[PDB]
Amino acid sequence: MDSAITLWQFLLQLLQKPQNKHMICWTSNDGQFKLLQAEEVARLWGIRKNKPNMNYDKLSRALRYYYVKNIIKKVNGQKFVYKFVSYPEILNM
DNA sequence: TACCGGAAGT
DNA sequence: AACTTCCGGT
Ligand SMILES: [Zn+2]
Ligand SMILES: [Zn+2]
């Protein structure tokens, strides 16, 4: 009985609340964001999905799977920085 | 330590 | 399917 929330939706959720700006913030006005506190975001994700051993290593692997899906891409040469391929298009399905 | 995609588990 | 868990190579 966990949250049916998706990982990219969960990130979008954190990005909506100022309370989480210290751990994840927007770095552009076109979908780019940065995991300021990557392990903290990962622990939060594990609590949500009920995976106590969740860490940034495995969360990042999930993000890498989004490259193929064209949901999220990596911002090359910028640690912890990623970009939503089509934000906010992904919010008006 | 970050990032990457293959392979297998849930 | 959408991750989760490992692994070895850049
Ligand atoms: Zn639209
Ligand atoms: Zn390794």
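Just so it is clear, the values below take in all heavy atoms, side chains as well, and ignore hydrogens, waters and symmetry mates. Convention: sequence-line order gives letters A, B, ...; per-chain numbering from 1.
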Round to the nearest Å and state the distance from [X] atom [atom1] to [N] atom [atom2].
X	N	atom1	atom2	value
A:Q78	B:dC3	CD	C1'	14 Å
A:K74	B:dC3	NZ	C1'	7 Å
A:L35	B:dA2	CG	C1'	12 Å
A:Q9	C:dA1	CD	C1'	14 Å
A:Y56	C:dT5	OH	P	17 Å
A:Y82	B:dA2	OH	P	10 Å
A:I90	C:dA2	CD1	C1'	13 Å
A:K34	B:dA2	NZ	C1'	11 Å

Can you find an N or O donor on one side and an acceptor on the other, under 3.5 Å apart, linking the side chain of A:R64 with the base of B:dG6? no
Any donor-acceptor N/O pair under 3.5 Å between C:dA1 base and A:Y66 side chain: no
OP1 or OP2 of [N] under 4.0 Å from side-chain N/O of [X]:
X	N	value
A:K79	B:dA2	no
A:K49	C:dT4	yes
A:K58	C:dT5	yes
A:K69	C:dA2	yes
A:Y65	B:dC4	no
A:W45	C:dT4	yes

Selection from [options] that lies nearest to any side-chain heavy atom of [X]:
X	options	answer
A:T6	C:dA2, B:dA7, B:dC3	C:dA2
A:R61	C:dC3, C:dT4, B:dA2	C:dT4
A:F80	B:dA2, C:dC3, C:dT5	B:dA2
A:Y67	B:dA2, B:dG5, C:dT4	B:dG5

Taking atom CD of A:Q37 and atom CG of A:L14, what is their separation to the nearest 0.5 Å? 12.5 Å
Starting at SG of A:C25, measure out to CG of A:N20 and round the result to the nearest 0.5 Å. 11.0 Å
With distance as the sole test, does A:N70 use its side chain to make a donor-acceptor pair with the main-chain N or O of A:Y66 at under 3.5 Å? no
A:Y87 and A:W26: aromatic ring centres closer than 6.0 Å? yes
Flag the pair A:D30 and A:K83 as a salt bridge only when some basic side-chain nitrogen lies within less than 4.0 angstrom of an acidic carboxylate oxygen. yes
